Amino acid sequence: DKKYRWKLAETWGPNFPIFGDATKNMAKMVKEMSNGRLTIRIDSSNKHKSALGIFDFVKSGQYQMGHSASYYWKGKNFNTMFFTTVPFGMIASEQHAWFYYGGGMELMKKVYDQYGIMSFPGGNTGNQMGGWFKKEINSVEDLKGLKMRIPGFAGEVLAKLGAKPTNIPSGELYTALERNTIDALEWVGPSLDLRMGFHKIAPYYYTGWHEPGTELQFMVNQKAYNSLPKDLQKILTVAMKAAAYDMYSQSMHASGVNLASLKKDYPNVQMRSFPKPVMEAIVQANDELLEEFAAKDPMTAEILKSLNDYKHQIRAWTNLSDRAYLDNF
């Protein structure tokens, strides 16, 4: 008899490629698979006016669903950071193993259940670039007072070294950089960074370290989910899984297409790496901070131990398999 009409709030602006494709793809799959019994309207930042309001929208049930990143909610609960990615952590293929087979989904459920929110993988970008900089980073002294848009745990790490991170939303990044409200920023990589224009005013494009395997997030209000019949519940969860996996393939695809153009069409972009002493300080600050976060909360210790042990185990296989292969051929 009954049809369900839901709405999804997403962080991204309207027609945002790749990220906005995952939500649309998800919604279309649900509509088709349900023969119209479950339909999901997508509201982008231009509609709901709150790019970073998604967690509150879904908790309250004003929206039944959201699409965002777990690490945006660090202010609400620092344990939300670790389900997105961590500096020096796992690459995408590893993190998927961790989520679906290494206990990651279950840890995420223990963190989010307290809010009456269900959280699911919402798409991986793969390994992200270090970002866009107006001036080169030559020593740790260059990080002091550096105003940089960078989320999650890397933001905390750079702050420990004297930087001033912020979490300005995608639609506001260019203007903030143009005005020197930030001196640098990171977003994703070649899949998405070029159309956003940062290259016009920040010519140094740094390689990564901080976001090896960024997974986005779908969120679903538990009470809304419970109201669904069981077959539509499954349709929803399988659609989100499929859309999320495909987003990693799209991120890979787009990164290749866009890197090819970058190699040919941007004579003023200069790719850079952090000097060894800078990277050494960052690795250390990361280790120091992980140890500090782990000690102040047993749920944090549990999550970081799972990530750390799991990375140790799976990286050995990555090294024996794909890395050996990519290094050699």
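Start at 1 with the first residue shown and count on from there.
Mean CA B-factor, 6-14 versus 317-325: the higher value falls on 317-325. Checked against the record, the higher mean CA B factor of 133-141 and 252-260 lies with 133-141. Sorting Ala285, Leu38, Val58, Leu304 by the CA temperature factor given in the entry leaves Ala285 at the top. The residue among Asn268, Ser44, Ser68, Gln64 whose C-alpha atom has the highest B-factor in the PDB entry is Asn268. The deposited CA B-factor of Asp113 belongs to the middle third of values across its chain.
Sorting the modelled residues of the chain by their CA temperature factor places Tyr101 in the lowest third.
When the modelled residues of the chain are ordered by C-alpha B-factor, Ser273 sits in the highest third. The entry lists a Cα temperature factor for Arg179 that places it in the highest third of the chain's modelled residues. Among all modelled residues in this chain, the alpha-carbon of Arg149 has a temperature factor (C-alpha) in the lowest third.
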